[PDB]
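First, one chain by itself in structure tokens, the form deposited in one PDB entry.
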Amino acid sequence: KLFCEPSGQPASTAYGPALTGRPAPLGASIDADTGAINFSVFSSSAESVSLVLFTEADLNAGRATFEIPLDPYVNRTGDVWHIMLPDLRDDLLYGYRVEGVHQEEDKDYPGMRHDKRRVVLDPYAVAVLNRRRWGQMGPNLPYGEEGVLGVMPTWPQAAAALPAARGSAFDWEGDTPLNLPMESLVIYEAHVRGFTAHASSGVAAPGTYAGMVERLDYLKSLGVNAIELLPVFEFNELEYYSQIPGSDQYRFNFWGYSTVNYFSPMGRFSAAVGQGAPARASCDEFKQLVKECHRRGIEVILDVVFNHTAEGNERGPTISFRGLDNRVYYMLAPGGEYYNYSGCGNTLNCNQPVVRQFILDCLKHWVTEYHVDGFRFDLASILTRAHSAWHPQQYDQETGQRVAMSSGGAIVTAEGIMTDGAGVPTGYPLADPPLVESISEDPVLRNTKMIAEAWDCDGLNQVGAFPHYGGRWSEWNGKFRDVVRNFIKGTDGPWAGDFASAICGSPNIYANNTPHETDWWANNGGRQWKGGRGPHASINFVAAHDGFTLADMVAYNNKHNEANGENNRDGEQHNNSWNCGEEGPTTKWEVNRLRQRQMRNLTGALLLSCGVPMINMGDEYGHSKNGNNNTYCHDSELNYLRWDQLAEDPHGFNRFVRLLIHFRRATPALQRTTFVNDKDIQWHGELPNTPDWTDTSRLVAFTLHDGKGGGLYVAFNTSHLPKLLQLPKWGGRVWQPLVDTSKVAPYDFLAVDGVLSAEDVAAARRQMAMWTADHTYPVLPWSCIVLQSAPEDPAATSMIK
């Protein structure tokens, strides 16, 4: 009955005799009055659970240091196994050896995959230790043979770190989440390793959290106020380890979309872990990073991958969920086959109530413990899909043994199709997925920003209609990307009209609510989610870590992923790109000229649109992956911030981008929570108020008011020919040049900085005064301008100085 009562297992050279303990909280926690360590882990299906303890030396030799088997009657309440250890030695790490049935051993129990030869990881582990250093192979052991822990050299035994002692807690120094209004954000999408891994970073600890801190100043000076980190939860970079043919380079799991543990920071991004620090060092190093971001005005948004795990399918390794309770954690068919909506091996059983709670807890854990500001949910559609349910295992009354069940205990239709227990066939996209409801409504998370990549690998696309619970979710707007890429490169079809919509924050998606005639989601489950949102629901992007780099969108018609080892079958097939006249690096002046313009024209579309822009690390200076549009597996300069190329800025593109960011941020009209109307914005062409929406259009142009008598004139000429634009006349006022991608840098962006003085800017405005007074502006093919309304001053046409 009582938690303090000893449970029978004897003391050791490193702990007191075990006590009963408690179900809550899940994970390992410090008991407050005794100082002891309570362990709690869920499994509905395990027959036995042992807590396994390791020193690092023993961990590395594939052996346990101590084992404590839990009594199934004492050390268990419902489905939560638990035990407590006083005087536990700090140099020890922990896991669980879970015994039960496996389907390959007995057909009658499909979905069960217990294996006592493995020691599995606590899902709620605060920190994980296995391999200390990025890219370091696991130790050479006789894996597979009796008594040795670990799957293979690329998957050695891992273990969880004990909770920190009372009195030892992080000095936040009064740090808090920043809660910046969403519409005010400029998101930079970044990878922790790649941010400083290149020799040119010059940081003390390349490719780490601490390293990232040394170069955070550059981001603040760039004008960014949010950073979105690619997956930061423990993953195994050696999981795709193999040789690249034609090379001695080896491929890795670099990006990290394959999560081993969701509660622990990636240890092989921690400088301290590389230097031999205890496993929790990653925790405090990550905290430090978040503190440093916040000091600099930068929010932290974590890319989280709750739709599949590193365990893959049946052929993958057993490291956590599979060996604890495979039927609970993964989405399974009645035979035990893994659903593969992720396209990565398995699908997490998101709406199953234990799993739901896991995810809730996880998000609260990162917000509360690490002061994070938001999450970006990889393939978020899978979080809408209905789970697989199994009946609770029924045991024999007299015998105590295990009783087999109709359909293995899978809850099915009369036709055998799998079900969520509540009458919904497994996989069905729910209009009201209870996981998403809980995320949207949990008080701990109420000021936390949520962003959905609203699609998955089974062709489900929910953009415009992700279950958003009152405007509580924004979305990666891939239609924006497609529209901007198409319109800017110069293309027939609806792209001018669509581009104008993109510029306005895509009201055609988020405000409008009449669905496509053949779109099943929008006509059914998504129906109620279709309006009731603003332009800030749209995360706008032209490029991401996925797909072509900005520079490569203008240098490559086609992808070149041969080095990825899926023989070019991977990555986006339709990039809507144009090489500007020749594939890859060229010597032709005409083509390079054009690319310099196109890069800026695309950036202009991005930073001059309503909604919320996101920039892919590197795109702000011309970064190239040599035409590889899916560099998930390369630990090389293809995925690193080129501090050397940034400094060089050979055509002044970084200056242009920086300055446009700052300008965007100084322009309230661009940062809205409600959609612009005809008083806010007007559309033009070669003549004022005469836009071209035809299929052959190559021009979109508009005025944007500032509600103080001023505003901007913006134009995108996507023709192969130059044009003379007649500008709308605002009485008493004249348009003044600011942006012009026709001009060689620095005259492509007329604002004061280290390169152009106030005098230089005024001189450059006066030069054109005859043109602007005339309300006439010449534009180059494939070019972009931004002008500002100023009070007319007839003295502008007299001699300058």
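The numbering used is simple: start at 1 and walk along the sequence shown. Superpose the two forms; the largest set of C-alphas matching within 1.5 Å is the rigid core.
*Asks:* Between 389-397 and 702-710, which has the higher average C-alpha B-factor in the PDB entry?
*Replies:* Looking at the recorded C-alpha B-factors, 389-397 comes out higher on average.
*Asks:* Using only C-alpha atoms and the B-factors in the entry, which stretch averages higher, 9-17 or 775-783?
*Replies:* Averaged over C-alpha atoms, the B-factors run higher in 9-17.
*Asks:* Among 514, 609, 501, 549, single out the one with the highest C-alpha B factor in the record, please.
*Replies:* If I rank 514, 609, 501, 549 by C-alpha B-factor, first place goes to 514.
*Asks:* Which one of 105, 437, 122, 453 shows the biggest C-alpha B-factor in the PDB entry?
*Replies:* In the PDB entry, the greatest C-alpha B-factor among 105, 437, 122, 453 is found at 105.
*Asks:* Taking the entry's C-alpha B-factors for this chain, is residue 652 in the lowest, middle or highest third?
*Replies:* Answer is lowest: the recorded C-alpha B-factor places it there.
*Asks:* Looking at the C-alpha B-factor of residue 261, is it in the lowest, middle or highest third of its chain?
*Replies:* Its C-alpha B-factor belongs to the lowest third of this chain's values.
*Asks:* Once the chain's modelled residues are ordered by C-alpha B factor and cut into thirds, is residue 114 in the lowest, middle or highest one?
*Replies:* Middle third.
*Asks:* Can you work out whether the C-alpha temperature factor of residue 748 puts it in the lowest, middle or highest third of the chain?
*Replies:* Lowest third of the chain for residue 748's C-alpha B-factor.
*Asks:* Please say which third, lowest, middle or highest, residue 201 falls into when its CA temperature factor is compared across its chain.
*Replies:* For residue 201, the deposited C-alpha B-factor lands in the middle third.
The form deposited in another entry is left out here; the points below concern that form.
*Asks:* Could you check which of 176, 514, 247, 401 shows a C-alpha shift of 2 Å or more between this form and the one not shown after a rigid core superposition?
*Replies:* None of the others reach 2 Å, which leaves 247.
*Asks:* Checking residue 565 here: with the core superposed, does its CA move 2 Å or more between this form and the one not shown?
*Replies:* After core superposition, the C-alpha of residue 565 moves 2 Å or more between this form and the one not shown.
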